[PDB]
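Listing of work-v1.txt, compact mmCIF, C-alpha atoms
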```
# COMPACT_ATOMS: atom_id res chain seq x y z
CA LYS U 30 111.03 126.35 134.83
CA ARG U 31 112.42 127.78 138.17
CA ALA U 32 111.54 131.50 138.08
CA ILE U 33 107.83 132.21 138.66
CA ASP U 34 106.25 134.17 135.81
CA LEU U 35 102.46 133.93 135.75
CA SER U 36 102.41 135.91 132.45
CA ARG U 37 104.05 132.84 130.74
CA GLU U 38 102.21 130.03 132.60
CA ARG U 39 99.86 127.87 130.54
CA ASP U 40 96.24 128.12 131.63
CA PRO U 41 95.17 125.42 134.09
CA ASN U 42 92.80 122.59 133.29
CA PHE U 43 89.35 123.72 134.41
CA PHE U 44 85.64 123.11 134.13
CA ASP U 45 83.24 125.98 134.75
CA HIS U 46 80.53 123.88 136.46
CA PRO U 47 77.11 125.10 135.34
CA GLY U 48 75.45 125.05 138.81
CA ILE U 49 77.71 127.78 140.34
CA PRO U 50 79.13 131.20 139.43
CA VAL U 51 82.17 131.20 137.14
CA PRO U 52 85.32 131.66 139.22
CA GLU U 53 87.31 134.81 138.34
CA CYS U 54 90.87 133.63 139.09
CA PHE U 55 93.49 131.11 138.17
CA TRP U 56 95.80 129.83 140.93
CA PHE U 57 99.20 128.18 140.49
CA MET U 58 101.05 126.19 143.16
CA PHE U 59 104.88 126.03 143.19
CA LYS U 60 107.53 124.12 145.15
CA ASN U 61 111.04 125.66 144.88
CA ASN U 62 109.55 127.92 142.13
CA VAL U 63 108.59 124.78 140.10
CA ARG U 64 104.89 124.49 139.08
CA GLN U 65 103.13 121.58 140.85
CA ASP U 66 99.43 122.21 140.08
CA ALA U 67 96.95 124.90 139.03
CA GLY U 68 93.21 125.55 138.85
CA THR U 69 90.46 128.13 139.18
CA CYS U 70 89.24 129.95 142.29
CA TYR U 71 86.88 132.75 143.25
CA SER U 72 88.01 136.30 143.89
CA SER U 73 87.07 137.88 147.25
CA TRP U 74 86.67 134.39 148.75
CA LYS U 75 88.48 131.66 150.66
CA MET U 76 89.37 128.02 150.32
CA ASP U 77 91.19 125.27 152.17
CA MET U 78 93.84 123.56 150.09
CA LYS U 79 96.48 120.92 150.66
CA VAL U 80 99.85 122.62 149.94
CA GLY U 81 102.69 120.10 150.32
CA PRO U 82 102.39 118.64 153.84
CA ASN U 83 99.81 121.11 155.21
CA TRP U 84 96.20 122.15 154.94
CA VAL U 85 96.31 125.90 154.22
CA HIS U 86 93.46 128.43 154.45
CA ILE U 87 93.90 130.66 151.37
CA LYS U 88 92.11 134.00 151.04
CA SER U 89 91.66 135.86 147.72
CA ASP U 90 91.11 139.60 147.38
CA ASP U 91 89.10 141.42 144.66
CA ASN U 92 92.16 141.33 142.33
CA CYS U 93 92.92 137.57 142.67
CA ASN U 94 95.88 138.14 145.07
CA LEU U 95 96.11 135.09 147.37
CA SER U 96 97.27 134.99 150.98
CA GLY U 97 98.01 132.06 153.22
CA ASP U 98 100.60 130.54 155.58
CA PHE U 99 102.38 128.28 153.11
CA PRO U 100 104.86 125.65 154.29
CA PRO U 101 108.56 126.25 153.52
CA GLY U 102 109.37 126.01 149.79
CA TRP U 103 105.73 126.32 148.68
CA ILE U 104 103.56 129.17 147.41
CA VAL U 105 100.17 129.55 145.74
CA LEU U 106 99.72 132.61 143.48
CA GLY U 107 96.68 134.05 141.76
CA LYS U 108 95.86 136.00 138.63
CA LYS U 109 92.76 137.22 136.86
CA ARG U 110 91.29 134.97 134.16
CA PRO U 111 90.78 136.39 130.65
CA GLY U 112 87.63 138.58 130.55
CA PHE U 113 87.65 139.26 134.34
CA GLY Y 184 81.70 128.20 147.13
CA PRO Y 185 79.59 131.36 147.22
CA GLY Y 186 75.94 130.27 147.44
CA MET Y 187 74.58 126.91 148.59
CA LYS Y 188 76.87 124.54 146.62
CA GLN Y 189 80.08 122.87 147.85
CA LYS Y 190 83.16 122.35 145.65
CA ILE Y 191 85.77 119.79 146.65
CA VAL Y 192 88.75 118.26 144.88
CA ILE Y 193 89.91 114.67 145.47
CA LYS Y 194 93.11 113.13 144.05
CA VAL Y 195 92.24 109.72 142.61
CA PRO Y 196 94.27 106.65 141.69
CA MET Y 197 95.89 106.72 138.25
CA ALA Y 198 96.45 102.93 137.98
CA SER Y 199 94.73 103.10 134.54
CA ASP Y 200 92.25 105.13 132.47
CA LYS Y 201 89.59 102.53 133.55
CA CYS Y 202 90.50 103.05 137.26
CA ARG Y 203 90.18 106.85 136.85
CA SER Y 204 86.83 106.27 135.06
CA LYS Y 205 85.64 103.97 137.96
CA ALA Y 206 86.48 106.88 140.37
CA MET Y 207 84.55 109.33 138.09
CA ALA Y 208 81.56 106.92 138.04
CA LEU Y 209 81.56 106.47 141.84
CA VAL Y 210 81.66 110.24 142.48
CA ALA Y 211 79.09 111.04 139.75
CA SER Y 212 76.76 108.28 141.29
CA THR Y 213 76.88 109.97 144.77
CA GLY Y 214 73.72 111.65 146.17
CA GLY Y 215 73.64 115.47 145.84
CA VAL Y 216 76.37 115.64 143.15
CA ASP Y 217 75.58 118.13 140.35
CA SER Y 218 78.80 117.89 138.33
CA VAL Y 219 82.23 116.26 138.19
CA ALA Y 220 85.36 117.11 136.17
CA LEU Y 221 88.90 115.83 135.78
CA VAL Y 222 91.21 118.66 136.89
CA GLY Y 223 94.83 119.10 137.93
CA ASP Y 224 97.92 119.59 135.75
CA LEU Y 225 98.01 115.76 135.33
CA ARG Y 226 94.18 115.20 135.18
CA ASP Y 227 94.54 113.09 138.37
CA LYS Y 228 91.92 114.92 140.45
CA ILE Y 229 88.13 114.96 140.45
CA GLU Y 230 86.46 118.28 141.16
CA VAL Y 231 82.88 117.70 142.36
CA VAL Y 232 80.16 120.31 142.92
CA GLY Y 233 76.88 119.73 144.68
CA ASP Y 234 75.15 120.02 148.00
CA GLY Y 235 75.04 117.77 151.08
CA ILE Y 236 78.20 115.90 149.92
CA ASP Y 237 80.18 114.31 152.72
CA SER Y 238 83.78 114.78 151.50
CA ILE Y 239 85.27 112.39 154.09
CA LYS Y 240 82.69 109.65 153.38
CA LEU Y 241 83.45 110.10 149.62
CA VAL Y 242 87.22 109.66 150.24
CA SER Y 243 86.50 106.45 152.22
CA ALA Y 244 84.18 105.14 149.43
CA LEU Y 245 86.82 105.84 146.75
CA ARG Y 246 89.50 104.05 148.82
CA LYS Y 247 87.20 101.00 149.30
CA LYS Y 248 85.95 100.65 145.71
CA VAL Y 249 88.64 102.04 143.47
CA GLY Y 250 92.04 102.80 145.00
CA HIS Y 251 93.74 105.44 147.16
CA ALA Y 252 92.06 108.87 147.35
CA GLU Y 253 93.11 112.13 149.03
CA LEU Y 254 91.05 115.27 149.74
CA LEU Y 255 92.97 118.27 148.41
CA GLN Y 256 90.57 121.25 148.37
CA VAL Y 257 87.32 122.45 149.97
CA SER Y 258 85.82 125.74 148.78
CA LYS N 188 86.50 117.38 121.75
CA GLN N 189 82.70 117.67 121.85
CA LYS N 190 79.89 118.71 124.17
CA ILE N 191 77.02 116.17 124.16
CA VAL N 192 73.69 116.82 125.90
CA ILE N 193 71.26 113.93 126.55
CA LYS N 194 67.83 114.04 128.23
CA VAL N 195 67.24 110.90 130.38
CA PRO N 196 63.72 110.71 131.87
CA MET N 197 64.27 110.02 135.58
CA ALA N 198 61.87 107.96 137.73
CA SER N 199 63.96 108.52 140.91
CA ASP N 200 67.41 109.51 142.26
CA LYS N 201 68.40 105.81 141.62
CA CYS N 202 67.88 106.56 137.87
CA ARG N 203 69.97 109.76 138.17
CA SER N 204 72.77 107.85 139.98
CA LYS N 205 72.80 105.08 137.33
CA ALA N 206 72.77 107.56 134.41
CA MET N 207 75.50 109.76 135.90
CA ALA N 208 77.67 106.69 136.74
CA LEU N 209 77.29 105.31 133.19
CA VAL N 210 78.14 108.63 131.47
CA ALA N 211 81.04 109.43 133.85
CA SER N 212 82.48 105.88 133.31
CA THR N 213 82.69 106.48 129.51
CA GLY N 214 86.13 106.60 127.86
CA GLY N 215 87.32 110.11 126.92
CA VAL N 216 85.11 112.00 129.42
CA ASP N 217 86.45 115.31 130.84
CA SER N 218 83.29 116.48 132.67
CA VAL N 219 79.68 115.52 133.44
CA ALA N 220 76.97 117.89 134.67
CA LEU N 221 73.39 116.99 135.62
CA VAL N 222 71.21 120.02 134.74
CA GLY N 223 67.53 120.98 134.45
CA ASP N 224 64.77 121.59 137.03
CA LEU N 225 64.26 117.77 137.30
CA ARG N 226 68.01 117.02 137.09
CA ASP N 227 67.37 114.91 133.97
CA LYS N 228 69.71 116.46 131.32
CA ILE N 229 73.31 115.30 131.19
CA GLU N 230 76.03 117.53 129.67
CA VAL N 231 79.19 115.52 128.91
CA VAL N 232 82.41 116.99 127.43
CA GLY N 233 85.24 114.85 126.11
CA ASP N 234 87.14 113.27 123.23
CA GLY N 235 86.19 110.35 120.98
CA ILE N 236 82.74 109.84 122.63
CA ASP N 237 80.22 108.01 120.42
CA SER N 238 77.02 109.98 121.20
CA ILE N 239 74.67 107.41 119.57
CA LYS N 240 76.28 104.47 121.48
CA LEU N 241 76.00 106.51 124.72
CA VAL N 242 72.28 107.20 124.09
CA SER N 243 71.79 103.43 123.32
CA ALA N 244 73.57 102.47 126.60
CA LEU N 245 71.35 104.90 128.59
CA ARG N 246 68.19 103.54 126.85
CA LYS N 247 69.20 100.00 127.93
CA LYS N 248 70.32 100.88 131.52
CA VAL N 249 67.88 103.68 132.55
CA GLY N 250 65.16 105.08 130.25
CA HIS N 251 64.25 106.59 126.87
CA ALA N 252 67.32 108.80 126.47
CA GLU N 253 66.99 111.58 123.87
CA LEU N 254 69.97 113.25 122.14
CA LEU N 255 69.61 117.08 122.39
CA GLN N 256 73.01 118.42 121.26
CA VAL N 257 76.37 117.35 119.82
CA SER N 258 78.74 120.31 119.23
```

If you took the structure in this file and wrote it as structure tokens, what would it be?
Amino acid sequence: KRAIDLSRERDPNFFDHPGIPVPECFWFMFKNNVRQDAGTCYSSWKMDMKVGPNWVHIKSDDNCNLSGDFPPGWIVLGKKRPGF
Amino acid sequence: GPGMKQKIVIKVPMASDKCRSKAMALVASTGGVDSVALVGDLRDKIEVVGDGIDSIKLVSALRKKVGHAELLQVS
Amino acid sequence: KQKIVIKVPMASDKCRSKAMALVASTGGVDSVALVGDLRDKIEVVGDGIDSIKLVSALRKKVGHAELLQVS
């Protein structure tokens, strides 16, 4: 697809590792509005992720909204996992 | 991630199922690793959780033993 | 898809490394977690894994592996 709609995106592949808290969010990475990858991440947290050509520091708020300086054509978007 | 554990994600070579399994074995074998999982939309990445893991040393070890590897996430 | 849990008595971190490498190398594996106070229980999730053969391989390579769960 080429219009982002997180309500219709299939859940990412994930593993809720037993040694750590269960992350609250799913993230989805797009290039030209085309899904490239997806996974889990913590709410109210931060991560460094390779987004196309760049390392990007991505912050999450309490509602799984993500912020970062994404390279042209790319975006990473969050949403709450079921039960969160 | 929150607390004392590290989570990183490394893209591993997809030459074959056996190659991907060799990468899994190398990471799982590494000191201070608690858990490993195949992740990514194409199941081409290893997510590893533990403490005292040297992500850059692990990339180098995967490139030596298995095939090309790329760090993609630290959290 | 199944979740298999095996206890592998560990003499050292060399034992843990060998056991984790063997399990993670197994065809059909999605995830491996080393759990327990003594990091001596292995949780493996995946498809088409022969739990008895995996216990036999651990008994040969490492130590007296014990099957705890297959679900």

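Picture a line from atom CA of residue 67 of chain U to atom CA of residue 223 of chain Y; it runs 6.3 Å.
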
>> Can you tell me which residues surround residue 207 of chain N at a distance of at most 9 Å, considering all atoms listed in the file, apart from same-chain residues fewer than 6 positions away, and format the answer as a ChimeraX atom specification?
In response: /Y:208,211-213 /N:219-221,229

Just write the chosen residues, C-alpha atoms, as an mmCIF file, in the coordinates of the input.
```cif
data_model
loop_
_atom_site.group_PDB
_atom_site.id
_atom_site.type_symbol
_atom_site.label_atom_id
_atom_site.label_comp_id
_atom_site.auth_asym_id
_atom_site.auth_seq_id
_atom_site.Cartn_x
_atom_site.Cartn_y
_atom_site.Cartn_z
ATOM 1 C CA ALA Y 208 81.560 106.920 138.040
ATOM 2 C CA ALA Y 211 79.090 111.040 139.750
ATOM 3 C CA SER Y 212 76.760 108.280 141.290
ATOM 4 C CA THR Y 213 76.880 109.970 144.770
ATOM 5 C CA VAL N 219 79.680 115.520 133.440
ATOM 6 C CA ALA N 220 76.970 117.890 134.670
ATOM 7 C CA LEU N 221 73.390 116.990 135.620
ATOM 8 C CA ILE N 229 73.310 115.300 131.190
#
```

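Distance annotation: of U:60, U:75, U:46, U:110, the residue with the minimal separation from chain N is U:46; atom set is all atoms listed in the file.
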
> What is the distance between atom CA of residue 204 of chain Y and atom CA of residue 235 of chain Y, in Å to one decimal?
Replying inline: 23.0 Å

Counting all atoms listed in the file, which residues of chain U fall within 8 Å of chain N, and what is the closest atom pair for each with its distance in Å at one decimal, ordered by chain and rising number, as JSON lines?
```
{"residue": "U:44", "atom": "CA", "partner": "N:218", "partner_atom": "CA", "distance": 7.2}
{"residue": "U:46", "atom": "CA", "partner": "N:220", "partner_atom": "CA", "distance": 7.2}
{"residue": "U:47", "atom": "CA", "partner": "N:220", "partner_atom": "CA", "distance": 7.2}
{"residue": "U:48", "atom": "CA", "partner": "N:222", "partner_atom": "CA", "distance": 7.7}
```

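Straight-line separation from atom CA of residue 100 of chain U to atom CA of residue 255 of chain Y: 15.2 Å.
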
Edge lengths and centre in Å to one decimal, as AutoDock Vina command-line options, is what I'm after for the box along x, y and z that holds all listed atoms of segment 47-60 of chain U once 4 Å is added on each side.
```
--center_x 91.5 --center_y 129.5 --center_z 140.2 --size_x 40.1 --size_y 18.7 --size_z 17.8
```

> Could you list as a PyMOL selection string every residue that has an atom within 10 Å of (81.6, 128.0, 138.9), using the file's coordinates and counting all atoms listed in the file?
Replying inline: (chain U and resi 43-53+69-71) or (chain Y and resi 184-185+188+190+232)

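For chain Y, the residues having at least one atom no farther than 10 Å from chain U, when counting all atoms listed in the file, are residues 184, 185, 186, 187, 188, 189, 190, 191, 192, 217, 218, 219, 220, 221, 222, 223, 224, 225, 226, 230, 231, 232, 233, 253, 254, 255, 256, 257 and 258 of chain Y.
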
Using the incomplete input, complete segment 227-248 of chain Y to the level of N, CA, C and O atoms; output as a short mmCIF file (atom, residue, chain, number, x, y, z; two decimals), keeping the file's coordinate frame.
```
data_model
loop_
_atom_site.label_atom_id
_atom_site.label_comp_id
_atom_site.auth_asym_id
_atom_site.auth_seq_id
_atom_site.Cartn_x
_atom_site.Cartn_y
_atom_site.Cartn_z
N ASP Y 227 94.51 114.14 137.32
CA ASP Y 227 94.54 113.09 138.37
C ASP Y 227 93.64 113.46 139.54
O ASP Y 227 93.73 112.82 140.61
N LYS Y 228 92.81 114.47 139.37
CA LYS Y 228 91.92 114.92 140.45
C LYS Y 228 90.52 115.06 139.89
O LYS Y 228 90.36 115.43 138.74
N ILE Y 229 89.56 114.78 140.76
CA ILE Y 229 88.13 114.96 140.45
C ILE Y 229 87.65 116.14 141.26
O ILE Y 229 87.79 116.16 142.49
N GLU Y 230 87.15 117.13 140.54
CA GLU Y 230 86.46 118.28 141.16
C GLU Y 230 84.96 118.00 141.13
O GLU Y 230 84.41 117.75 140.05
N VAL Y 231 84.33 118.02 142.29
CA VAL Y 231 82.88 117.70 142.36
C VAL Y 231 82.18 118.86 143.04
O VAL Y 231 82.70 119.42 144.03
N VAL Y 232 81.03 119.20 142.48
CA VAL Y 232 80.16 120.31 142.92
C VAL Y 232 78.78 119.72 143.23
O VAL Y 232 78.25 118.90 142.46
N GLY Y 233 78.23 120.14 144.34
CA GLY Y 233 76.88 119.73 144.68
C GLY Y 233 76.52 120.21 146.06
O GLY Y 233 77.09 121.14 146.53
N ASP Y 234 75.53 119.60 146.64
CA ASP Y 234 75.15 120.02 148.00
C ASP Y 234 74.90 118.77 148.84
O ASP Y 234 74.54 117.72 148.30
N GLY Y 235 75.21 118.88 150.12
CA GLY Y 235 75.04 117.77 151.08
C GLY Y 235 76.02 116.64 150.80
O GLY Y 235 75.72 115.49 151.13
N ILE Y 236 77.15 116.93 150.16
CA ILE Y 236 78.20 115.90 149.92
C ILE Y 236 79.05 115.79 151.15
O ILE Y 236 79.51 116.81 151.68
N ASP Y 237 79.29 114.57 151.57
CA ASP Y 237 80.18 114.31 152.72
C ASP Y 237 81.54 113.97 152.15
O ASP Y 237 81.73 112.84 151.68
N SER Y 238 82.47 114.92 152.17
CA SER Y 238 83.78 114.78 151.50
C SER Y 238 84.53 113.61 152.11
O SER Y 238 85.22 112.88 151.38
N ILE Y 239 84.44 113.43 153.43
CA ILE Y 239 85.27 112.39 154.09
C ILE Y 239 84.69 111.02 153.75
O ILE Y 239 85.46 110.06 153.48
N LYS Y 240 83.37 110.90 153.76
CA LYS Y 240 82.69 109.65 153.38
C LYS Y 240 83.05 109.33 151.91
O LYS Y 240 83.24 108.15 151.57
N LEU Y 241 83.13 110.33 151.04
CA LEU Y 241 83.45 110.10 149.62
C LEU Y 241 84.89 109.60 149.49
O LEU Y 241 85.14 108.67 148.71
N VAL Y 242 85.83 110.16 150.23
CA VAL Y 242 87.22 109.66 150.24
C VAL Y 242 87.22 108.18 150.64
O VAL Y 242 87.88 107.38 149.99
N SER Y 243 86.55 107.85 151.74
CA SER Y 243 86.50 106.45 152.22
C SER Y 243 85.92 105.53 151.14
O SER Y 243 86.46 104.45 150.91
N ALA Y 244 84.85 105.95 150.47
CA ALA Y 244 84.18 105.14 149.43
C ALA Y 244 85.14 104.94 148.25
O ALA Y 244 85.24 103.82 147.74
N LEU Y 245 85.86 105.99 147.85
CA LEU Y 245 86.82 105.84 146.75
C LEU Y 245 87.92 104.87 147.16
O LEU Y 245 88.32 104.04 146.33
N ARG Y 246 88.42 104.98 148.38
CA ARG Y 246 89.50 104.05 148.82
C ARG Y 246 89.02 102.60 148.84
O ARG Y 246 89.84 101.72 148.51
N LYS Y 247 87.78 102.36 149.26
CA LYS Y 247 87.20 101.00 149.30
C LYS Y 247 87.06 100.44 147.87
O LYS Y 247 87.41 99.29 147.64
N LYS Y 248 86.50 101.22 146.96
CA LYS Y 248 85.95 100.65 145.71
C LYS Y 248 87.02 100.70 144.63
O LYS Y 248 86.94 99.92 143.67
#
```
